[PDB]
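A single chain comes next, written as structure tokens; it is the form deposited in one PDB entry.
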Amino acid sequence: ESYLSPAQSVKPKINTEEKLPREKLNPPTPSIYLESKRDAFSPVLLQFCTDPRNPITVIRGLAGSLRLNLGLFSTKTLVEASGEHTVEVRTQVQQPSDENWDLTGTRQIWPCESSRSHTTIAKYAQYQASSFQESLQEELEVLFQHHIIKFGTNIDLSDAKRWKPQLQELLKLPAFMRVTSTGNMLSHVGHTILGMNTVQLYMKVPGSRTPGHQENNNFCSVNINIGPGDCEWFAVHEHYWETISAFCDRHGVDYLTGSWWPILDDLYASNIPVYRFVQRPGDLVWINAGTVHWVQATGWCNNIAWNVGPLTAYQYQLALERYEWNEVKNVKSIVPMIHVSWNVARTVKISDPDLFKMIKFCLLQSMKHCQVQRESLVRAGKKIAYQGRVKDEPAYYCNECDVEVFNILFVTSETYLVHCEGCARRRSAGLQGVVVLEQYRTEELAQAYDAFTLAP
């Protein structure tokens, strides 16, 4: 009972078995320079970034091309805008980029050491600068005659008022890259997911690392280097993710939630092409659906990032795949795909036939499952009350297992809590003291589905 149909897959064709010569093991990073501002709005640009064959794309001097004022994201500006704003700090050890060692520099290791704490934007800026001076002094002293670093991460720029001029600047981007867009699935969630449909600011010093990961539910990522400093990026095509996952298992680090920094020789040995590139100030990085990446600052710089859900067959498929996989692994999907799929079918025209078929198949599965559930409740003499969804009402998750609960809600009173059926039953043998709710009647879903047609 997958929400996906295998025959519908648009995933590109790659063979692990076929041998790869060294050069194929280091691919050139897809790179774009915009001659004219109107280029950034070319449908050619969109088709290039979202292409399945392009796991990652750098847009060179994007900020210049559109006259983005990155100064608005400079550390001084941020201190002025929000000094006491809190920031999540990661205490790491500074190392070369293509290397992560044990304590003695005997051996390369996958597990990545990162330690959490919290400070204020103001205090972190003081460190970032003090950090800079000291490196400068040591540089001058020489001319005249384990380094521990702190990394400022996941700083939340969600509030509009404080960050108004900052966020307004990003409206200059093409629609498919914007925080909020009718063509962006994350805009159809109906609630705010920090760091995905809101902006995240990173404040870095040389050696600052973000370890290996895929984005939540395989959503695309957009990243802009404020500068001055150059960031170094590593990426691997979605196709090889499970192989990288097996490495984490064998080294006893959780792939999804663990902190790991790949051993490059391991990948090459495994016939896995790695993308290596530098991202300079004003360069924009587009991370395509489900690309495995990890990043290091080489200089002193800030970055901004957020996620975007492109309305493409490939993004949709990969989003749904990771949605099902999370459930298998008992990991909460932060993007409620079923609720999102219905929102999209209902507020957005779909012209692409491969995408349309996928959303359609998903909706159908959702109806069948709701229909199977309604009868089993009915011939158990369980009563289902009709509740009607409130305007701007957020999806629901089971208080126990974290699974998305759609259409039919099981509710209890401690006030109120929502569960899936398994967790409600587990709690009560007969569902006694459990109120079952119906968000929409078979008819609502049946009519929305039939009205959902391919657009020219």
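Residue indices: 1-based, along the sequence shown.
The same protein has a further form, the form deposited with a partner chain bound, not shown here; the description that follows concerns it.
- Stretch 187-195 is the answer when you ask which of 187-195, 316-324, 351-359, 369-377 has residues with heavy atoms within 4.5 Å of the partner chain in the bound PDB entry.
- For the options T243, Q108, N154, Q168, the one in contact with the partner chain in the bound PDB entry, meaning a heavy atom within 4.5 Å, is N154.
- The single contact residue among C112, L311, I338, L173, judged by any heavy atom lying within 4.5 Å of the partner chain in the bound PDB entry, is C112.
- The partner chain in the bound PDB entry is not approached by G183, whose heavy atoms all lie more than 4.5 angstroms from it.
- Residue contact with the partner chain in the bound PDB entry: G258 places a heavy atom within 4.5 Å of it.
- Looking at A305, you'd find a heavy atom of it within 4.5 angstroms of the partner chain in the bound PDB entry.
- Residue contact with the partner chain in the bound PDB entry: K150 places no heavy atom within 4.5 Å of it.
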